[PDB]
Amino acid sequence: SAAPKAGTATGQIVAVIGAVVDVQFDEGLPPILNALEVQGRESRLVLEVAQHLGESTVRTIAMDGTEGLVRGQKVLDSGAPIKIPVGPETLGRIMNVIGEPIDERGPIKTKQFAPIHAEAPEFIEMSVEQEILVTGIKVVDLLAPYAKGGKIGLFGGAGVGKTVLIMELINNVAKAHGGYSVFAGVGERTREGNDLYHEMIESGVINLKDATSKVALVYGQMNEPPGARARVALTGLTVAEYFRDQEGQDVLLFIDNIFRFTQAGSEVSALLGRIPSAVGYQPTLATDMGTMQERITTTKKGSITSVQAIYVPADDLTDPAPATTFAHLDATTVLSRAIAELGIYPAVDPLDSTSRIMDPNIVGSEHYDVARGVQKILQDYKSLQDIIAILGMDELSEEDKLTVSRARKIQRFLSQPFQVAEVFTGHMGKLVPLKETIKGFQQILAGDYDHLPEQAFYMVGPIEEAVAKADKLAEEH
Amino acid sequence: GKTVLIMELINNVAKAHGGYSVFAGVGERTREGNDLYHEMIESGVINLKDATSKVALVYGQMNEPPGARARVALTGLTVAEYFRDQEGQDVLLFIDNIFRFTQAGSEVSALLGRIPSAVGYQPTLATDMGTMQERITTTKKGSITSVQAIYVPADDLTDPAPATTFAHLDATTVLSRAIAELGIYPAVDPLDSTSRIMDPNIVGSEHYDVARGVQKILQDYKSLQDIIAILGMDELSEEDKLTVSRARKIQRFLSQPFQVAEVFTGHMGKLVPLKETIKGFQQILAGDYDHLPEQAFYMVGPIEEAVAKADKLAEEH
Amino acid sequence: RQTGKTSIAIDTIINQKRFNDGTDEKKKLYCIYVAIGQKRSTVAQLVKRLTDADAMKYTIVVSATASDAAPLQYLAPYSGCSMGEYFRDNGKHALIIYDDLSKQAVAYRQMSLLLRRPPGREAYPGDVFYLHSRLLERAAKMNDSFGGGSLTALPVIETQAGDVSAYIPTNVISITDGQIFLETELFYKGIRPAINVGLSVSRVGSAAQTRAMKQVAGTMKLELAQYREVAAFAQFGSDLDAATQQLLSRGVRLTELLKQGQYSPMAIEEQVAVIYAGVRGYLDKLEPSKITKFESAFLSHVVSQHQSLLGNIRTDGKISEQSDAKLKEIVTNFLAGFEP
Amino acid sequence: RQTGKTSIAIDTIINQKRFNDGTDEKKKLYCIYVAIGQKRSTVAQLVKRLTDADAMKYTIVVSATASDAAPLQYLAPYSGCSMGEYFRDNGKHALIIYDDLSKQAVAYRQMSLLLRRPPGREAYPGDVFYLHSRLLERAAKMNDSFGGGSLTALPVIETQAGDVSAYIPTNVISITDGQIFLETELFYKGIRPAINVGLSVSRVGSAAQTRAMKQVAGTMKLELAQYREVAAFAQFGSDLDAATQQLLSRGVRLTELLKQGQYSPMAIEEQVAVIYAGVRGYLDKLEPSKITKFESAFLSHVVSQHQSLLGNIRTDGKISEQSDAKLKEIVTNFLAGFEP
Amino acid sequence: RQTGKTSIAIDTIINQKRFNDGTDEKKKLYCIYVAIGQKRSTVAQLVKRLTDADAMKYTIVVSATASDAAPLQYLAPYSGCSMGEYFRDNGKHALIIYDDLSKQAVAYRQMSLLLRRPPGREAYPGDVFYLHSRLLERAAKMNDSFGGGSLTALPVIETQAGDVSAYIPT
Amino acid sequence: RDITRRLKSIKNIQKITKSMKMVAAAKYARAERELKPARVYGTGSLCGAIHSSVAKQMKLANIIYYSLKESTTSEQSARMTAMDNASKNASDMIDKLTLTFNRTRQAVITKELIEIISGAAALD
Ligand SMILES: Nc1ncnc2c1ncn2[C@@H]1O[C@H](COP(=O)(O)OP(=O)(O)OP(=O)(O)O)[C@@H](O)[C@H]1O
Ligand SMILES: Nc1ncnc2c1ncn2[C@@H]1O[C@H](COP(=O)(O)OP(=O)(O)OP(=O)(O)O)[C@@H](O)[C@H]1O
Ligand SMILES: Nc1ncnc2c1ncn2[C@@H]1O[C@H](COP(=O)(O)OP(=O)(O)OP(=O)(O)O)[C@@H](O)[C@H]1O
Ligand SMILES: Nc1ncnc2c1ncn2[C@@H]1O[C@H](COP(=O)(O)OP(=O)(O)O)[C@@H](O)[C@H]1O
Ligand SMILES: Nc1ncnc2c1ncn2[C@@H]1O[C@H](COP(=O)(O)OP(=O)(O)O)[C@@H](O)[C@H]1O
Ligand SMILES: [Mg+2]
Ligand SMILES: [Mg+2]
Ligand SMILES: [Mg+2]
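Residues numbered from 1 in each chain as written, not as in the entry; some residues may be left out. Chains lettered and ligands numbered in written order. Part of a larger assembly, values for the part shown. Heavy atoms only, no water. Residues with missing side-chain atoms left out of burial classes, pairs and counts.

What the deposited record gives as its method is X-ray crystallography, and the resolution it gives is 2.8 Å.

Okay, structure coming up:
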């Protein structure tokens, strides 16, 4: 309802220091998490309360520039978390980290607005039902599978996958899928955020005319302070929710980096009066990546086939950032920079890309066996490639020299370039939902078909092309 | 290197040079500071009698607190200045370690009520190595052909100490400890020794080309020495086996022992202002002359000595 | 991550099935599955899954799932410890699974830092020891004069890329007796559970392994210990000890049997059936691969025409001189069971 | 250090020469060269140098040179950003060079620590992101409905020995679109500019590279991507794919042309002259080295007897079917131009 | 650890035997063996051992052995330095062995941290230099015009596995 | 920084060895096409370590060519193992040193970070 007591819910800013504005209320102390309203402004300055410091004073985490703020400025107490307009009347449109229309097409006329801080689905809300969902992407689909209400997560540092694969999945998914779609870009580029808009126009997905828009655009990025990159992923989540719950539909949700919910803490913790930790971080990263990620899940009212992305600071998986997150992704894909060199794209690596839906009952006995066998051969492969033979193959032991043909070709078959990379060489955006994955790949490991001039089968996956390439690049006389 | 090369340069320079000279020893040994005095007496440079002294000695070292090692380099700098400005002359200036201006902060920051940083340091190292080093420079009134030295804590170039300083040195020479083993002296390394005056217009097209080619061959050399062949040379690929003769001899030609190391083996203090650098070194890379029994050309640079050494240590029958 | 730490604990708990309604009340087991960190749906995957085998009927499960503020994720282990202690103080016994003490590790440092208790190593509050010592030290064996009860506790730990010696792991492996290492590095190769002999031990010694394993398994683990060398050496062997091939041959063949993996536990007298056959070099020489066919079929073969043998275990409690002869007469047949 | 980060930026700015007095006003460019850290004489080496080519006539240069207290070295980038924004908000466009954001990195942590704002990683004040994000995010493309203007910004960064993933670099490469890597490790080899394909990208895609490069360069970069393998493999190749030699041959020969380096820019239609000849395997086979003689002479050869060809680029705006024939008839002659 | 740092220093001191009763008084040497950290029985292994060769007869030995609060382990080197300085200021000469400056390194950071003087690298109080510079800088050669005396000082240092470039060793 | 050097060597060994690995089979192709008719009934009726066992046993186009023809492969086999056996064992080093890099990459980052706050957080 948002209404205070019969006393001032107005607080006079007592201290501004970067992304933190301490406020002091004399007749109405406003709760942790409450979205506040800076008066004296020339725009919208909501400061989210964060602590209750005493001496009748809160401590808010500022949602936008704190520029020109003044020690004494009146802060307005609303009476509820930052609540965004949730509904159909916000699809196709673009919303910033508060519910303000950023795509410029004016007011978001809505029946109501949901709070961005809500109690997650309880334990008897959950649903074990793990129904499959094909993406038609070699490793990403066959190797480490996905699933309805599942959780995707890609792991690479700066530019190796993530945004690209999120657009890729958008292709193989976002375009064709019942129900709606959401995309909360957190932290990342404004460029991609714009193109993505326009691409979503050029392809209908976002239609400015009729009312045939299935996606919703919640944004909060880089040119902004941390208090906004912190909650943006929340709004794009407060969005997928209402579509599932109050409008029982199987939404999806694209978060261009969900751990941007953490950089926000790496920028607001210590400046809130906290004692640092892992690399500096916060005594919270856990509950954080926790409390939030424990929202984009299914329930006995609807499903959320969410999709996220997690950055890899200093190229260190050893960072409690991509790591702590692992335990949330119902599919893994740690893309190697050391792989990018090799061209192998997507850079999904043959070890650190797990899953919680890869049993012979859903993915397959044959397929999961060859997967195991792919990685098996791949493991002793990782060793042989260096250990024993020492770089240079050939040597002896055709058993592993077999690996040099099998595993090698395997890496290739899995290096699906796909549509999203069209801007570098306009190459055959290979895909196809399984279909003829049978026979082809199976052949390799057993030895069937495998033997064609190594790199002759590099930039293509489907075995059929081996002979269909042998003509392109031949050898004999 | 450092102190030694500062004395070396003192030889090849300090002795003969118009204008004056200054030596601000910061932090470093008092021993060297004394000898240096006396050596500067034995050789005239410092004359206690007449008035024929071109150098000035500003000192502030080790047995002292940090607040003095901090400003000593400043005084030896407040010194070179007045000689250039108010007395328009082309001074020089020897700072036995200029980053001693930083250890001073590593010893006075936090105890001044500051919040630490890189390794502990200070929220200032930057402006520090800055503000000061932005003094020993020329001007429309005079020049300061300065010379400094920067330490490498924990043998880590990765320390924001030798590093932050790089952006100030109009010539680089990161001497390798891993080089000292190899004897290669001075220990100036074939990669981390840049410059802002190495264009074919001033240093030379031929020379800068062979330099590039020296390091070129040296790079794939750094790899081959281990990668591919695996330590043991020979193997195959005479292309790089050529490198094992060229680059190797090159390292030697550049390992100029010079005068300042006279106290270890009284060896031929090789030097000479370019002169016959032509032909000699050029030969190696192209293949001309190169082939003489590897280490037969180790403790000497000028190619002439290869045959002039072949007699010292021969091989055949 | 994703190595099998919970399947194992989910099979170790599932096994107590038969006993929680069988005869020998002392030969029973109540379980207290604790979850620390986990998404509340991963926990509902287990509650339901266990419920499918009726396991949940004789188990208590508790959760400190992400939503839960760090303290819940902290008080939880110390809660389940007090669950089993009913049993460890009442004759009865329990199997408690502390799911992710490391996740509690991530979740402990929080509560203190915020309390402003000077941090130590990687944030962990100084008493990181007293955190995972103080606990485990409660799952103790009980003497008849005190109860005869018990509480076995397997603390689950997150291995970062393979390092088992990290602060917290050291902390936890410097207490617990016996650490089963699960290696993602192996897994997919088929080498599951994937336990690194050498960087793991039972510690308590032969005491646990009944006369059965002390008759068979006695060789198994240490056979592989030094074998880590020859297994990583044979790949480049030549003019050496010709016949040495034996000690290596006892590895590859055995491997296909030592790789347990399924939603079903094999009773101890069944373990005595298949694995035992291996230690007593009978299968060996045969070209492997089809070995799994044995460890699966042999069982059906047993209950189909060999229900006595297992019973000898329930009579004498070891492999019989007679039964050895019989099992011998069954595995030998399998050599030529696929041999023309 | 000393890899070419400023020569490149000094040539990229120098190139705007012809346009800042030419016809097409939209085909122009104003530059805002910012300097952060640098000795004020290195900056006077540039102001004067640029002045020599008259470049300074159409450029604004600003300095935050060492003397300047850390804040100046901090406010400077945010100052030049507002310089170009005049142009990015007035139809006009700009090329801003932020010289050493990393040096601002070294210079940022200062101002805060002294303010007693709890340090984070390697001193950097927590908002190290918002420091180099908040900025770059201002050099944006402008739509006709908003202006059609622009502001291209190349932030310069200090590579410590080769690591591009260090805190700050990650911070800065996790934003910017396209990162040209300059490797000291290569440099002297002749391999200058020395750009590490694989650990660098244009990111924005083929959009930038006009029909010209999309006709030629389309192969160039990715040709080298995987080539990182065969280039680092051919050194020990033997009984393999005989003819494979082709894919390697397209590297060595091409190399001597791909190594740009001089105080002078080659107009896009000239780039179309020499480099194009390579992608269309014509020079190839000839023993290299003298290739540089081509990339230098070919030009004199062009303006001496081939002023038309380039114009076709100024007419059609791509390599012509006709012009290809002609250039073909000129490069082929060069095969035997030094061949007896 | 266990490499010979003390045998060497125990032989270098033992050698002065013949001269401490020989002819040429200038060709003599008084020793000041300092011990920093060491168990007081390792020190009694030396006092007695040296005593066996009569070495102790022409030597002064001092101890800052473990029991001793960190400050003793800190003031000790600066104590023996003043022992020899009698000789380095009186014609006579001395050989001072500072046994474990690194152990004083371990023992220095203590006194300060407790004083709440902001720590720097690996705890070492910022002036870790002025700690081992300020000292050594006292063992100097003396000119005839000033005395002709001397004081040679060999500071003993703990090598961790082989790294000689660690903070303190640098 | 440190392991980089240790990681450089390996990568340097790759190019030469790993490439020759392909040649390891290549040499075979350039032999059998002509060797076969002369073998069996057509007539009658690093660098591994293969080129060694034969030589240590000392304690006219006929045999001299027939033997060499079969020995050619016997000798070249050195490369096969040298680029296979010597790479399979060596490559393991890459993944090790790499994972170790990320160990003391994180370490330093979480080592010096301690110092920075070791002073910062406690004052007045
Ligand atoms: N017996 C088995 N053999 C082969 N694969 C198995 C076996 N048991 C489980 N798996 C599968 O392998 C993975 C391991 O189990 P689980 O996912 O719980 O591992 P974990 O190490 O506990 O990690 P996490 O639960 O965080 O993913 C799962 O996908 C699981 O279903
Ligand atoms: N095109 C070129 N080809 C070869 N060498 C060049 C070229 N341009 C410049 N150099 C020289 O190589 C070095 C690189 O330029 P510059 O010195 O500005 O590099 P940087 O990476 O910006 O580093 P810093 O300015 O701090 O030295 C200089 O000495 C420069 O004059
Ligand atoms: N001259 C020698 N030759 C061989 N071994 C020696 C010699 N002198 C001593 N040793 C023995 O080797 C070890 C080295 O001496 P010492 O124990 O003092 O070494 P250290 O480096 O000072 O270390 P620490 O005293 O802490 O053990 C001792 O056990 C010592 O008695
Ligand atoms: N599908 C792809 N195929 C090949 N290379 C790709 C692909 N996607 C991205 N890349 C490479 O990665 C670089 C940037 O990584 P990208 O995936 O776009 O980063 P992110 O998605 O994290 O924003 C590209 O500019 C290109 O070299
Ligand atoms: N010109 C030289 N030639 C060979 N070795 C040298 C030379 N100068 C110094 N060294 C070696 O370096 C050691 C000390 O380094 P030095 O250059 O004197 O240190 P710094 O100059 O930093 O004070 C010497 O004692 C010797 O082994
Ligand atoms: Mg688990
Ligand atoms: Mg520069
Ligand atoms: Mg000793």
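To continue, consider the packing of helix α5 (residues 101-113) of chain C against helix α6 (residues 129-136) of chain C. Residues and elements named next belong to chain C. Here α5 crosses α6 at 140°, and the two axes come no closer than 11 Å. When the axis of α5 is compared with that of α6, the two are oblique. Every pair of crossing elements has a handedness; the one defined by α5 and α6 is right-handed. Together, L101, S102, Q104 and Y108 of α5 and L131, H132, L135 and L136 of α6 make up the contact between the two elements. Looking at the contact of α5 with α6, its residues break down into five nonpolar, three polar and no charged. (Axes fitted to C-alpha atoms, helices over the stretch in contact; angles between N-to-C directions. Helix = DSSP H or I, 4+ residues; strand = E, 2+ residues; numbered from the N terminus. Parallel < 35°, antiparallel > 145°, perpendicular 65-115°, else oblique. Left-handed = near helix turned anticlockwise from the far one by under 90°. Contact = heavy atoms within 4.5 Å. Nonpolar A, V, L, I, M, F, W, Y, C, P; charged D, E, K, R; others polar.)

Here the focus is the packing of helix α11 (residues 268-279) of chain C against helix α14 (residues 321-335) of chain C. All names here are of chain C. Where α11 meets α14, the axes come as close as 11 Å, and the angle between the chain directions of the two elements is 75°. Considered as vectors, α11 and α14 are oriented roughly perpendicular to each other. The residues of α14 that touch α11, namely those facing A273, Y276 and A277, are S323, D324, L327, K328 and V331. When the residues that make up the contact of α11 with α14 are grouped by side-chain class, the tally is five nonpolar, one polar and two charged.

We now examine the interface of chain A and chain F. Note on interface size: it is often stated as the accessible area lost on association of the parts. Chain A puts 31 residues into the contact, and the matching count from chain F is 42 residues. Summing both partners gives a buried area of about 2,700 Å² for chain A against chain F, and 56% of it is carried by carbon and sulfur. For chain A, the biggest contributors to the area lost against chain F are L391(A), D394(A) and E395(A); these three give 24% of the whole. At the boundary of chain A and chain F, one finds one salt bridge. Of the charged contacts in the structure, one is a salt bridge between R105(F) and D316(A), with a shortest N-O distance of 3.3 Å. Inspection of the region where chain A meets chain F yields 51 residue pairs in polar contact. When residues of the side of chain A that touches chain F are traced back to their parent elements, those giving at least two are α9 (360-384), β17 (387-389) and α10 (398-414) of chain A. Element by element, the count of residues in the side of chain A that touches chain F is highest for α10(A), at four residues. (Buried area = accessible area lost by both parts, 1.4 Å probe. Salt bridge = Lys/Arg side-chain N within 4 Å of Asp/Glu carboxyl O. Polar contact = N/O pair within 3.5 Å; in protein donor to acceptor, adjacent residues only side chain to side chain.)

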